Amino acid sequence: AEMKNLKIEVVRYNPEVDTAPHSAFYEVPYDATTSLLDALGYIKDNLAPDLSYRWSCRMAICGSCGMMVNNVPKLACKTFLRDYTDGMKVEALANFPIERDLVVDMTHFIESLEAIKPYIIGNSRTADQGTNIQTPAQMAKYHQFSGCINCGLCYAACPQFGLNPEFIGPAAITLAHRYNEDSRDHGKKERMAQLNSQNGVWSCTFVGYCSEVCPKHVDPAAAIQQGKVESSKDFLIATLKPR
């Protein structure tokens, strides 16, 4: 047989030399199994050694893949060339600054994640006492929301984040919600200030595209609305404490 070739448009940028990003074009051989990740590797190996990008796992579990394919945020390792025979344009992950080629500044993402204290709080139990008790029912409360691989596709997806870079964002809020709903955790109060902030849940207008593009089906949109409900309760209780 003979492998079919595909012309791929990769949006290059080198801050030492370029004043703005600019498209380049590479013919890449492919078959039904070939991923955008495979193709990026082929390019670097044979066409442009200076093509920089993030990746590692190759199986859509680490989250370093994140990038725009035809204005849709996707993971390179779960994007396949067979599906783009009419053309394929690859850009750096949207709503993040472009540092170099397909590598973006993820700092705000990490800082948002850190801010919401994503760890068990206020549980005095020690290991000599054995584990906590937690039923399937209790785990079902937060479990889906614990599946976030921090790929940041939901940030590229959210136009509110595009319009407001201080918005702590879907994944960050989702993680706060994940611990807030963990029966083992007692630090809900330690996380609300952020969630109650205008840059917290209240920057969300429920566009819902974060859940759409989420490769691990976390449904962060649902975590935010539940967050809005929880923030509202917290507002009411706060009004009624003249203490």
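Note that residue numbering follows the sequence shown and begins at 1.
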| query | finding |
| --- | --- |
| Between the two ranges 40 to 48 and 56 to 64, the one averaging a larger CA B factor in the entry | 40 to 48 |
| Which of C154, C148, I133, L81 ranks first by CA B-factor in the deposited coordinates | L81 |
| Ranked C-alpha temperature factor of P159 among modelled chain residues, by third | middle |
| CA B-factor placement of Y179, once the chain's modelled residues are sorted into thirds | lowest |
| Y119 - which third its CA temperature factor falls in, relative to the rest of the chain | lowest |
| CA B-factor placement of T126, once the chain's modelled residues are sorted into thirds | lowest |
| CA B-factor ranking of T33, expressed as a third of its chain | highest |
